[PDB]
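Step one of this worksheet: look at the structure below.
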Amino acid sequence: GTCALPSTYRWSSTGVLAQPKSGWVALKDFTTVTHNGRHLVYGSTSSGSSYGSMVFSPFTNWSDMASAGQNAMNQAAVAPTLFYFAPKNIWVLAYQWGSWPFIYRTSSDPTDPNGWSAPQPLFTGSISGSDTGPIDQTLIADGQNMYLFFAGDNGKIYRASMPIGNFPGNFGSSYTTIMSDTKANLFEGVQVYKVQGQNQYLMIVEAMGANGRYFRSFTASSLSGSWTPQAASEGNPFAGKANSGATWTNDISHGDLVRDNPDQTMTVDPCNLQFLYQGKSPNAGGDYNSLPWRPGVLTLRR
Ligand code: EMC
Ligand code: EMC
Ligand SMILES: [Ca+2]
């Protein structure tokens with residue numbers, strides 16, 4: 001009863017799923033798990049002038065995201081990663097921009113935007129040839145090791161690791177440069193997942209295409225292994241204008257595959273693949289930080 005990842009992806013898409021509440025011009029950079037039978041979604045916010053973060057009130061159906069309460073975090077967790085860390089029975093929210101390059105907080109109740117612990121260092125390193133520094137972290141563990149993957153708006157993807165018994169904790173300053181390409185080809189928004197029922201991991205990376213933002217996919221048999229391009233061009237992307245089925249956006253940008261199991265393995269079911277992404281009206285212009293990003297969901301057509 002197991003499925004494999006397709007070689008060519010075809011999606012159908014929702015329309016815009018929610019509008020930002022008063023004071024925000026964008027909802028961005030989503031991370032999502034199922035918690036108590038409901039969708040739990042964190043994201044970045046932008047007022048145009050500054051970035052923050054928020055969590056939606058839990059909702060059962062994506063069609064009800066539009067009415068879900070939008071709960072601001074009193075301390076910004078930009079480009080967040082949410083998961084349940086089973087070995088310690090604790091939830092983890094990792095993010096960027098704060099006292100360290102990457103940061104995390106912990107909680108026993110991930111629905112509360114302000115129930116998170118004092119911030120702790122996740123990563124303290126620096127990268128060369130990057131205007132942004134380390135950005136868009138994700139975290140993923142197998143049975144043995146916890147991995148940190150991140151980008152740099154510079155064509156590189158980076159990786160750090162620790163024995164899983166040492167997490168939650170600080171990866172420190174060290175990293176491995178695992179991928180190197182043009183800036184456009186490996187830009188940001190890196191995510192990594194375990195493919196359920198297969199000895200395979202899936203990496204997606206946001207790229208800058210001629211037509212807009214899209215995702216390129218890569219596979220590996222191990223988290224410390226080499227990554228093989230899968231659906232890795234604008235014409236044959238993991239998800240993009242070419243195959244999204246979205247009518248409201250030419251961009252498929254920073255989000256998260258829908259994770260039914262909320263745990264640190266980041267496991268996805270290839271039989272039921274869905275992608276919570278950010279998109280925007282093709283007519284929207286102005287400064288990047290003011291762009292009206294919105295949530296959408298892609299569902300894989302099999
Ligand atoms: C409330 C965690 Hg099964
Ligand atoms: C739209 C079913 Hg989570
Ligand atoms: Ca992310």
Side-chain angles (χ1 to χ4, degrees), residues 12-15 17-18 27-45 51 53-68 77-97 102-104 106-112 115 122-123 132 134-140 147-153 157-158 186-193 202-206 213 215 238-239 252-264 266 268-269 272-278 293 295-300:
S12 68
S13 176
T14 69
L17 288 174
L27 298 161
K28 294 189 77 179
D29 309 331
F30 310 105
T31 184
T32 187
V33 300
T34 304
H35 175 62
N36 296 336
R38 298 188 183 84
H39 300 296
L40 185 55
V41 178
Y42 275 74
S44 307
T45 60
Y51 281 91
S53 54
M54 61 80 71
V55 55
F56 291 86
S57 298
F59 54 94
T60 313
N61 199 297
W62 291 112
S63 72
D64 293 313
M65 193 175 190
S67 65
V78 179
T81 303
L82 172 69
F83 64 98
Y84 174 69
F85 186 66
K88 253 71 195 162
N89 183 35
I90 199 72
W91 295 81
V92 177
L93 192 77
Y95 61 93
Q96 67 197 39
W97 306 347
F102 298 129
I103 307 104
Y104 72 88
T106 62
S107 178
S108 287
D109 176 18
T111 67
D112 185 350
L122 184 68
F123 181 71
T132 58
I135 52 158
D136 298 351
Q137 51 64 44
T138 188
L139 289 160
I140 181 172
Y147 291 84
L148 170 74
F149 291 83
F150 63 94
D153 272 12
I157 302 294
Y158 306 95
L186 291 176
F187 193 55
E188 63 190 16
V190 58
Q191 310 292 158
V192 184
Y193 305 95
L202 169 63
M203 173 184 293
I204 63 175
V205 179
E206 194 181 335
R213 302 300 187 89
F215 283 88
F238 178 78
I252 303 295
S253 178
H254 200 153
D256 196 21
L257 296 185
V258 174
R259 295 170 283 125
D260 191 47
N261 180 341
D263 79 13
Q264 73 284 346
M266 299 299 184
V268 296
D269 176 9
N272 282 300
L273 218 56
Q274 287 176 301
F275 188 19
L276 173 62
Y277 66 94
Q278 71 184 16
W293 295 102
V297 169
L298 306 180
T299 302
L300 192 63

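Counting starts at 1 for both ligands and their atoms, following the listed order. Numbers for residues simply follow the sequence, beginning at 1.
- Below 30°, between 30° and 60°, or above 60°: for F275 and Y277 the angle between ring planes is between 30° and 60°, a tilted geometry.
- The aromatic rings of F59 and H39 are tilted relative to each other, their planes meeting at an angle between 30° and 60°.
- Of the residues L300, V297, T299, the one that meets the side-chain contact (heavy atoms from CB on, under 4.5 Å) test with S12 is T299.
- Looking at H39, its N, O or S atom nearest to atom 3 (Hg) of ligand 2 turns out to be NE2.
- Atoms of the protein (N, O or S only) found under 3.0 Å from the Ca ion (ligand 3) are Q191 OE1, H254 NE2.
- Ring geometry, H35 versus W91: the interplanar angle exceeds 60°, so the pair is classed perpendicular (tilted spans 30 to 60°).
- Every side-chain hydrogen bond (donor to acceptor under 3.5 Å, both in side chains) that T34 has, sequence neighbours left out, goes to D260.
- The backbone N or O of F102 lies less than 3.5 Å from no partner atom in the side chain of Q137, so there is not a single donor-acceptor pair.
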